[PDB]
Asker: 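One structure, as structure tokens, below. Some questions next.
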Amino acid sequence: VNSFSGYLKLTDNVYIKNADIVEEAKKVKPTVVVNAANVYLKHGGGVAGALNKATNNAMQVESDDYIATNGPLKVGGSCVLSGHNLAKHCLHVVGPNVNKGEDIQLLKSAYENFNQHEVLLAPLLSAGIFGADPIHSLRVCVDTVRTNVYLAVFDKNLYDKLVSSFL
Ligand SMILES: Cc1ccc([C@H](CC(=O)O)NC(=O)c2ncnc3[nH]ccc23)cc1
């Protein structure tokens with residue numbers, strides 16, 4: 001039993017809700033919140049911009065130190081950093097950005113990072129400003145993640161379409 005509330009159950013392990021991931025994180029304080037990161041951990045917009053704003057830019061300060069030490073992530077890769085006031089940990093995961101021409105096949109690799117964590121709050125990777133089809137992203141999520149994932153879809157209209165079209 002966990003603290004996530006109001007999710008529709010899509011599969012044995014995947015749940016979905018129309019919710020702002022920032023507000024959901026502040027309420028649940030999950031062990032792991034997933035960020036829709038880029039390789040530079042520059043959290044300027046999209047999900048990352050919103051999460052970072054909610055940390056009063058502390059996420060960005062920590063991220064800049066991480067990059068200065070380790071260099072950029074790989075597309076499809078991840079790193080674990082602090083969750084600040086939102087969660088115990090933030091798993092920064094880099095899905096491919098279609099508006100940068102990156103191979104959508106790397107989306108499965110990106111979701112594989114979720115399997116290292118027993119429970120996660122997460123957005124659909126490569127969705128929104130990353131330009132991928134969110135319906136496809138949901139399919140890859142369900143077919144790749146085996147741990148318990150609670151997906152927050154900010155757009156109510158997109159949420160209804162994701163549910164109604166789910167196979
Ligand atoms: C790569 C990538 C980018 C964004 C997203 C989802 C799309 C969605 O689920 O609608 N965006 C958000 O979560 C979002 N975007 C902007 N400001 C926000 N403030 C609180 C939440 C929030 C998914 C995947």
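Along the sequence shown, residues are numbered consecutively beginning with 1. Values below: all heavy atoms of this structure, side chains included; hydrogens, waters and symmetry mates excluded.
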Asker: Looking at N85 and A54, what are the two nearest heavy atoms and their distance?
Answerer: ND2-O, 3.0 Å
Asker: What closest approach, in Å, do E24 and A19 show between heavy atoms, and which atom pair accounts for it?
Answerer: OE1-CB, 4.0 Å
Asker: Cut-off 3.5 Å, side chains only: do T144 and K108 have a donor facing an acceptor?
Answerer: yes
Asker: Could you tell me which non-hydrogen atom of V32 sits nearest to which non-hydrogen atom of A87, and how far apart they are?
Answerer: C-CB, 4.5 Å
Asker: How close do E62 and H84 get, counting heavy atoms only, and between which atoms?
Answerer: OE1-NE2, 2.8 Å
Asker: Same cluster for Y15 and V142 if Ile/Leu/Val/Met/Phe/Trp/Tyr side chains link at under 4.5 Å?
Answerer: no
Asker: Go through the structure and list residues passing salt bridge (charged side-chain N to carboxylate O under 4.0 Å, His left out) with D133, not counting sequence neighbours.
Answerer: none
Asker: Quick one, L162 and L158 - any side-chain contact, counting heavy atoms below 4.5 Å?
Answerer: yes
Asker: Taking the side chain as everything from C-beta on, heavy atoms only, tell me whether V119 gets closer than 4.5 Å to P30.
Answerer: no
Asker: Using 0.5 Å steps for rounding, measure from the CG atom of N38 to the CG atom of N97.
Answerer: 8.5 Å
Asker: Would a single hydrophobic cluster contain both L41 and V39, if residues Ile, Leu, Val, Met, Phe, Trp and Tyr are joined by side-chain heavy-atom contacts under 4.5 Å?
Answerer: yes
Asker: Please tell me if the side chains of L8 and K17 come closer than 4.5 Å, counting only heavy atoms from C-beta onward.
Answerer: no
Asker: Side-chain contact test, heavy atoms from C-beta onward, threshold under 4.5 Å: evaluate it for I104 versus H136 and give yes or no.
Answerer: yes
Asker: Answer whether the closest heavy-atom distance between the side chains of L151 and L138 falls below 4.5 Å.
Answerer: yes
Asker: Closer than 3.5 angstrom, by distance alone: can the side chain of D20 be matched with the main-chain N or O of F154 as a donor-acceptor pair?
Answerer: no
Asker: Do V140 and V93 land in one hydrophobic cluster if side-chain heavy atoms of ILVMFWY residues count as linked below 4.5 Å?
Answerer: yes
Asker: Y66 versus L81: any side-chain heavy-atom pair under 4.5 Å?
Answerer: yes
Asker: Distance alone, cut at 3.5 Å: any donor-acceptor contact between the side chains of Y40 and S63?
Answerer: no
Asker: Taking only residues two or more places apart in sequence, or in another chain, which ones meet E23 in a side-chain hydrogen bond (donor to acceptor under 3.5 Å, both in side chains)?
Answerer: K26
Asker: Can you confirm whether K88 is buried at NZ, in the sense that more than 12 heavy atoms of other residues, nucleotides or ligands lie under 6.0 Å from that atom?
Answerer: no
Asker: What is the distance from atom CZ of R139 to atom CZ of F166, rounded to the nearest 0.5 Å?
Answerer: 4.5 Å
Asker: Is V94 reachable from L120 through a run of hydrophobic residues whose side-chain heavy atoms are each under 4.5 Å from the next?
Answerer: no
Asker: Give the minimum heavy-atom separation between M59 and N35, together with the two atoms involved.
Answerer: SD-ND2, 4.4 Å
Asker: With a 4.5 Å cut-off on side-chain heavy atoms, are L125 and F114 touching?
Answerer: yes
Asker: So which heavy atom on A36 is nearest to which on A48, and how close?
Answerer: O-CB, 3.6 Å
Asker: In this structure, is the centre-to-centre distance between the rings of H89 and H117 below 6.0 Å?
Answerer: no
Asker: Classify the angle between the aromatic ring planes of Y7 and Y150 as parallel (below 30°), tilted (30 to 60°) or perpendicular (above 60°).
Answerer: perpendicular
Asker: Same cluster for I16 and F4 if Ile/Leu/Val/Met/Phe/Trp/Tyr side chains link at under 4.5 Å?
Answerer: no
Asker: Is any side-chain heavy atom of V149 closer than 4.5 Å to one of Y111?
Answerer: no
Asker: Do the side-chain N and O atoms of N52 and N57 include a donor-acceptor pair separated by under 3.5 angstrom?
Answerer: yes
Asker: Could you tell me whether the side chain of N113 and the main chain of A110 form a donor-acceptor pair under 3.5 Å?
Answerer: yes
